Amino acid sequence: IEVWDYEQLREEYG
Amino acid sequence: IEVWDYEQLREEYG
Amino acid sequence: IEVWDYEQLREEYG
Amino acid sequence: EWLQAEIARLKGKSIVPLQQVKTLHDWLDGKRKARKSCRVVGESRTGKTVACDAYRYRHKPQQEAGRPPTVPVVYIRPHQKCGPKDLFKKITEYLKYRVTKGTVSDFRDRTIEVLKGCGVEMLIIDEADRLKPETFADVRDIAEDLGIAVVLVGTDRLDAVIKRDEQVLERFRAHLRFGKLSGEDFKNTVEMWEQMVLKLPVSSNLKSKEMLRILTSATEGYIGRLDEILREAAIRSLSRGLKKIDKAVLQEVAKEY
Amino acid sequence: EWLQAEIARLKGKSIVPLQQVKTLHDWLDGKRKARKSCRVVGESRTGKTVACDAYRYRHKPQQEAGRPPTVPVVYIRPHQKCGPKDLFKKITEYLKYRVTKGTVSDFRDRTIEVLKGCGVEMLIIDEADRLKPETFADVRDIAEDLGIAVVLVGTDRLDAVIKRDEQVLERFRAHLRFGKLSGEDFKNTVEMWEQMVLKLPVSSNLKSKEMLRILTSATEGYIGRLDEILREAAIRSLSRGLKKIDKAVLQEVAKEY
Amino acid sequence: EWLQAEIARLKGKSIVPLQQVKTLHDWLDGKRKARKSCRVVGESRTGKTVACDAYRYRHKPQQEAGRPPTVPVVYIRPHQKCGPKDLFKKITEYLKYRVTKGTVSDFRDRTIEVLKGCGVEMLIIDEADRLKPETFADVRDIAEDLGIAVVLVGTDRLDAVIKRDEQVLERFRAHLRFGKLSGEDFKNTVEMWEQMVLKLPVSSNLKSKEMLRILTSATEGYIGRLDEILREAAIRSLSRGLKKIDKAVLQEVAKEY
DNA sequence: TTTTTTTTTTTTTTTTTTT
DNA sequence: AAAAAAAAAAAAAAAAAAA
Ligand SMILES: Nc1ncnc2c1ncn2[C@@H]1O[C@H](COP(=O)(O)OP(=O)(O)NP(=O)(O)O)[C@@H](O)[C@H]1O
Ligand SMILES: Nc1ncnc2c1ncn2[C@@H]1O[C@H](COP(=O)(O)OP(=O)(O)NP(=O)(O)O)[C@@H](O)[C@H]1O
Ligand SMILES: Nc1ncnc2c1ncn2[C@@H]1O[C@H](COP(=O)(O)OP(=O)(O)NP(=O)(O)O)[C@@H](O)[C@H]1O
Ligand SMILES: [Mg+2]
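Spelled out as structure tokens, the structure:
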């Protein structure tokens, strides 16, 4: 199961 | 019994 | 991609 | 696509004639021609605001070649802790005049000029209890100075606020009350809503004993709850390829409230 | 240095897919397209805020060559005793507009202009119970005036506050609840966390009876406690040259809470 | 000396094609041929003035053997609290006529004579909010009397000033907005700037995760900040004998802002 | 019955400046 | 010989919780 890096989701934010 | 469309009553407003 | 020198665009001005 | 054509409809809004609604229209009209102020109270989901709109819409502004619109009914809703400066602005906008900069006495003098000439017979104030107590001086003055009936619409808290001041309690003594549906009235409504609003290819027969029990427990007689619940159940049901609302889908929706 | 490369990782943050999280995403999305308001409640360490972020991040702002960003979901968190002036400022900043000086009616008129045009479909308010009661008038008005679903997120105190006012209780009647993990769900989670998050060279086999007892007593089913405790135990363990979490280190950490 | 040859270059100015810039050129050109007025707004470091210059420079004055220059685009910037006498002087100078002594009506009559004959199709006013309100009467009159499109360029305060007057708000209703860079657009820009502007002997690979974090936090998407910071870092780096920008020098510069 | 203390509005006659 | 931008300015006001 894929897990999302929290800081990643943030760095990729609009 | 007739029912009134709400948006209709609004679009037809003065 | 071409980049314009700012001073150039100015020196070539009408 | 048939399915989307229908979903776009069910997800919309409409006004169904009901006894409460007809009663209000006749009561208010009585009051309008006698130029008397009054108030309307009732529980929070009985459909008070909508009954008032249904009325407003039967009396459209009228227009001649020259002079301003004649506007028999004005309907406004105040913001929270509404003051005297705020009311004149909404009355003036409603009648389509531009509001310019000045102080309270200037908005007041201007409000009385647009209220005159432009025939205005009734003012309806929704959520009446958002008004600051100081505004009531300006509301009473208008009701007395101009032949305008003022109607205050609200919940039971309104009366707790109104009874704080003898002068206001007396201008607005007469009242009409909205309440819950029950018995035959709730059952006939349910049936109206099925034939008059939902209109599914097959239909569900919601006046049966088994379905009314589900709806009664789910809605407790509020028209606001009945509408939301039947519409959430018809669109869920269509999305799943059904031609009617059954018991499991209706209970599936009801359990989410 | 391998040891620091790893410690820097374990000391970080991530979102693990869980059933509660998937459930919320589907529930909220249902609600978003139907434009209905609702609330989410649950105990203080179940991972409510994170489930909401996971959702926000799946719906990024969109951008064309000219007009403002389209922003389907807006997420805010109010400060303590938040007033009406404070909410408009956060909504306006969130959508990337500059807030200038004026009074409450000016922030309000401006908030409705940026909420329009810029597609906004859902507003999520975290820690909903920090709001002053007077703000709820402005929250309801937006929910009714604009096709915006408003979601209130919070703890059990939220309901104690909400039930103080009939008008609000009714707008936000539908709810979803988060709770603790137990039984098979807690055990499978533990296993997920070991393989999906900790990833030690050897691993510990935490679904064994002996280790689950330690974790169960230490964490009592809160996902917030389970995460902190396993991470504090993996980094302590690595700092000491181990390739797995044993019983003495895990108990050594658990006894500090 | 190679080092000075390069430092003299990096310390200079240039215009990089960007999407915002191309969008504006096509939008304004549409407007120019339709002769319609409009305004351009956006945050203070998005590169509005430069996008406008890039446009002006693509449409040079034209010259025949006899008559005055044909000047399709006129670009001016007013001083603080600019009055009606001040605008006619700048329009007249821009078109290369001598301004002589007289009163306001004389500058006005003369401005309309030089605007005629000399083909002028568009007038662009930078920092539009420096204008005194009384000047707007003269700006509108020109826009209506002559087939000249007038474009107002500015920050969010401009709209606060413009909405003070209905007549102006309506002439200049259509608008285009500039904003910040983000996501893929900010990252690709960074890469453009490295290959297209900095051109160091080795280069730094600034689209790597480690460097973008530094730049993102330092620049927050403004093109004005990104340019200053990368140039301050390349010249500092060269002065120290390096062939690329590293992390310590970039952070050393970023921490000074 | 008592004690903080807390945020919001509202007008308000003066003062200086300039073209 | 006439318009324009502050100038803070101190009250004034409910108005909430705890004990
Ligand atoms: N006569 C009606 N016909 C159809 N739908 C109605 C009718 N009355 C109410 N409803 C539905 O119920 C809701 C009516 O609530 P509403 O009109 O908002 O009551 P209310 O008067 O606003 N009460 P409050 O909380 O006091 O504002 C609307 O969503 C309508 O769809
Ligand atoms: N998918 C997930 N992956 C990692 N951690 C999670 C996940 N879901 C929840 N958590 C943990 O939840 C903790 C954050 O808890 P948090 O979400 O603040 O509680 P909450 O749901 O916000 N209720 P409250 O904290 O009272 O606002 C962090 O330790 C997260 O690791
Ligand atoms: N397209 C571009 N290519 C290269 N450099 C640019 C570009 N646009 C802007 N810059 C640099 O970034 C800054 C642009 O500043 P500027 O254009 O003055 O901001 P603006 O758009 O005018 N808004 P304002 O400065 O508030 O009027 C200057 O430092 C430019 O050198
Ligand atoms: Mg209502």
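So the sequence lines, in the order shown, correspond to chains A, B, C, D, E and F.
Add 543 to the 1-based position in the first sequence for the working numbering, that's all there is to it.
Add 543 to the 1-based position in the second sequence for the working numbering, that's all there is to it.
Add 543 to the 1-based position in the third sequence for the working numbering, that's all there is to it.
Add 10 to the 1-based position in the fourth sequence for the working numbering, that's all there is to it.
Add 10 to the 1-based position in the fifth sequence for the working numbering, that's all there is to it.
Add 10 to the 1-based position in the sixth sequence for the working numbering, that's all there is to it.
The C-beta atom is built at its ideal place from N, Cα and C for all residues, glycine as well.
Residue i: contacting residues in chain C (beta-carbon distance under 7 Å)
| i | result |
| --- | --- |
| residue 206 of chain F | 544 and 546 |
Where residue i meets chain F, residues with beta-carbon distance less than 8 Å
| i | result |
| --- | --- |
| residue 554 of chain C | In chain order: nothing, as chain F lies at least about 11 Å away. |
| residue 15 of chain E | Here the premise fails: no neighbours, minimum Cβ distance about 14 Å. |
Contact set between residue i and chain A, taken where Cβ atoms lie within less than 8 Å
| i | result |
| --- | --- |
| residue 78 of chain E | Within 8 Å Cβ-Cβ: nothing; residue 78 of chain E doesn't reach chain A, min ~12 Å. |
Supposed close pair residue i, residue j - CB separation, criterion 8 Å
| i | j | result |
| --- | --- | --- |
| residue 163 of chain D | residue 136 of chain D | 5 Å |
| residue 139 of chain F | residue 168 of chain F | 5 Å |
| residue 38 of chain E | residue 241 of chain E | Not confirmed; about 28 Å, so no contact. |
| residue 118 of chain F | residue 146 of chain F | Their Cβ separation, rounded to whole angstroms, is 14 Å, which puts residue 118 of chain F and residue 146 of chain F out of contact at 8 Å. |
| residue 260 of chain F | residue 221 of chain F | 7 Å |
| residue 120 of chain E | residue 150 of chain E | Not confirmed; about 19 Å, so no contact. |
| residue 131 of chain D | residue 82 of chain D | 5 Å |
| residue 200 of chain E | residue 248 of chain E | Wrong, their Cβ atoms sit about 19 Å apart, outside the cutoff. |
| residue 265 of chain E | residue 224 of chain E | About 10 Å separates the two Cβ atoms, so there is no contact after all. |
| residue 52 of chain D | residue 183 of chain D | No, residue 52 of chain D and residue 183 of chain D are not in contact; Cβ-Cβ is about 17 Å, not under 8 Å. |
| residue 185 of chain E | residue 60 of chain E | Not confirmed; about 19 Å, so no contact. |
| residue 239 of chain D | residue 191 of chain D | In fact, because the Cβ distance is near 13 Å, the residues do not count as touching under 8 Å. |
| residue 550 of chain A | residue 23 of chain E | 7 Å |
| residue 79 of chain E | residue 128 of chain E | 7 Å |
Beta-carbon neighbours of residue i, restricted to chain D and to distances below 8 Å
| i | result |
| --- | --- |
| residue 94 of chain E | 90 |
| residue 177 of chain E | 54 and 165 |
Closer than 9 Å at the beta carbon, the chain A residues around residue i
| i | result |
| --- | --- |
| residue 129 of chain E | None at all; the shortest Cβ gap to chain A is about 13 Å. |
| residue 26 of chain E | 544, 546 and 547 |
| residue 192 of chain F | 556 and 557 |
Listed by chain order, chain C residues near residue i by CB distance under 8 Å
| i | result |
| --- | --- |
| residue 22 of chain F | 548, 549 and 550 |
Chain-ordered chain E contacts of residue i [CB-CB under 8 Å]
| i | result |
| --- | --- |
| residue 187 of chain F | 76, 77 and 78 |
| residue 266 of chain D | 184 |
| residue 170 of chain F | 110 |
| residue 33 of chain F | 75 and 76 |
Ligand 6 heavy atom lying under 6 Å from the CB of residue i
| i | result |
| --- | --- |
| residue 234 of chain E | No copy of ligand 6 occurs in the structure displayed; its ligands are ligand 1, ligand 2, ligand 3 and ligand 4 alone. |
Under 7 Å from the C-beta of residue i: neighbouring residues of chain D
| i | result |
| --- | --- |
| residue 180 of chain E | 54 and 55 |
Using a Cβ cut-off of 7 Å, which residues of the segment 139-162 of chain E contact any Cβ in chain D, in chain order? Listed in sequence order: 144, 147 and 148.
Taking a Cβ distance cut-off of 8 Å, strictly less, list which residues of the segment 232-264 of chain F are near chain A, in chain order. So the list is empty, because no residue satisfies the distance condition.
Those runs of the beta strand (DSSP E) which lie wholly inside the segment 72-143 of chain E and span at least 3 residues: When DSSP assignments are scanned along the segment 72-143 of chain E, the uninterrupted stretches of beta strand (DSSP E) that are 3 or more residues long and fall wholly within it turn out to be 83-86 and 132-135.
Could you list the residues in the segment 92-124 of chain E with a C-beta less than 8 Å from some C-beta on chain F, going in chain order? Those would be 106, 107, 108 and 110, in chain order.
Relative to chain A, which residues along the segment 52-72 of chain E have a C-beta separation below 7 Å, given in chain order? Cβ contacts with chain A: 67, 70 and 71.
Give the list of continuous alpha helix (DSSP H) stretches no shorter than 4 residues that lie fully inside the segment 216-252 of chain F. Complete alpha helix (DSSP H) runs here, min 4: 219-229 and 233-249.
Which parts of the segment 137-185 of chain D are runs of the alpha helix (DSSP H), unbroken and 4 residues or longer, counting only runs that do not cross its ends? Annotation: the segment 137-185 of chain D contains the following complete segments of the alpha helix (DSSP H) (minimum length 4 residues), in chain order: 146-155, 166-172 and 176-181.
Under 6 Å, CB to any heavy atom of ligand 4. Which residues pass, going along the chain? Here the list is D:58 and D:59.
Kindly provide the ranges of any alpha helix (DSSP H) runs that are 4 or more residues long and lie completely inside the segment 14-68 of chain E, ordered along the chain. Runs of the alpha helix (DSSP H) lying entirely within the segment 14-68 of chain E, each at least 4 residues long, are 29-44 and 58-66 in chain order.
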